[PDB]
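One protein chain, two forms: both are listed below as structure tokens, the first as structure 1 and the second as structure 2.
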Structure 1
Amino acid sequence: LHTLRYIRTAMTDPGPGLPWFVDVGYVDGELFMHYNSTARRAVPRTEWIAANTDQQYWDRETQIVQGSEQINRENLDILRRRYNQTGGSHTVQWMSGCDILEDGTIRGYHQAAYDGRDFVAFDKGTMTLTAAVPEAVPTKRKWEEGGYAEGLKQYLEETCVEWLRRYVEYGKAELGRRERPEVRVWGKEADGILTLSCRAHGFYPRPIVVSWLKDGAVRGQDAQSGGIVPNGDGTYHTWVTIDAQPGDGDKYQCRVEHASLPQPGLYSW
């Protein structure tokens, strides 16, 4: 699975000293592009993208997102009028991109949200814009009569994919690397309860399975994951806890399944 993802937010309330429009690009979860309404320029966010592109590329990308900023500026006015609202805290969100699956087949998305709730989604197959809400019906007729569906189908199926294949090749050293996590497991006692905590520090790539074992057997009872959260250096962290009976510290182990490990790693307190 390979993914190219463009996500952008137009805000009424960023707020103080922060940009109202922020647009960012993602290749396989990795941030490579940034645009904001203050700077008014599209900038690289990784070393692998900056080394493989000239300023002729970035000026061209700047012209596109500057247009996208002004469209989403007016969208804030339009949808507040659509919902009969004045001022306040409001957001327009866009999610655009394409997938190259393990199958070798291509998925494509271009969908929006108003105030964190699904507004419209483009159907690549039928070449129509789906309206998730009754207030999104006037958007549907405006968008389809604009005739954007023709070009957007071609972009998501061809142009987006061509760029993504090129980006995967540009940043192969970073995207294909394997980083082994330093794993620790800690025990703490609250009120009449032992809570055990497992932490995987600094792993890449993102996919990871972290399970608890009691006497060898896998336990999901009173287990909780904090998901996969990022570090500042492009590596990942994950935090998994389990509630247990007091005294049972030596019974528990933390099973880590990751690409950097040829066999699963077990860790104890």
Structure 2
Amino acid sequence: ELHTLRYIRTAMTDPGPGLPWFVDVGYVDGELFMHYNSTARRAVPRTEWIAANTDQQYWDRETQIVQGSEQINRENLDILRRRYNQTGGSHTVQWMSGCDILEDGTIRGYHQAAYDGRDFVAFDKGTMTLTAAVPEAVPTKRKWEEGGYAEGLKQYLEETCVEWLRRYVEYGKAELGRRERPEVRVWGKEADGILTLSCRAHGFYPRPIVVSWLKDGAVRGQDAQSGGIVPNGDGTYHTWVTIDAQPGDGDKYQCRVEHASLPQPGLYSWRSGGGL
């Protein structure tokens, strides 16, 4: 029942070649649905469930507010460079806003910024004030206390996004709820008297997966090294786990893959061999 919404923004000085300087990306449970760039200057859908449940009037209203966000982040790069006293080079302005609907039903809304990959300003709901993490983020707090954006932002993070996220979950209930089975392949490589056994899971959904190596039926979590849950170009995910072994012990090892698509954890060997 844990459903998330996140709108990530990036304003750049050096994109660099061909790439756009401004980019706004939206997410529903970690999946891309909203796309924007400074070259095209249009908020367009990415998933089939969002486009089939929204009109062009919604996307036209979403474009103009992000176009305004583009211009606001354009001057932000120039304003922040004066406070730090910098001529130019590699400078970036990051922003991540959204709300989380927890299992119990508690609303967890976040709104925070960063300059040069370091925490700048973060909004708190319990205090209803914008917290400044860096001494150069103090004039930002002065602008927020004068304007009074605090009440308007709180009614957005607790109501506006929360009401829309409930609809987004219902719009893509068939897409998010769908489970994709992974294609498992068990490999091995010989180097300096050490056999490195590899296990790769191809195109699985959702993102959570536990891929562990086994020796004689017993799990060996410490000896196994994972590469992480890396994403594919179509929306699916990939994972790579390797373990060191004695040459001639390869078949004693088994790859355990426990995913939402599998009712029981899948056990795959090199000679079996793998998923096929």
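Quick note, the numbers are simply positions in structure 1, starting from 1. Under this definition, the rigid core comprises the largest set of C-alpha atoms superposing within 1.5 Å between the forms.
Note on residue 73: its Cα is shifted 0.5 Å between structure 1 and structure 2, core used for superposition. Structural comparison between structure 1 and structure 2 after rigid-core fitting shows the C-alpha of residue 144 displaced 2.7 Å.
Core superposition places the C-alpha of residue 39 1.0 Å apart between structure 1 and structure 2.
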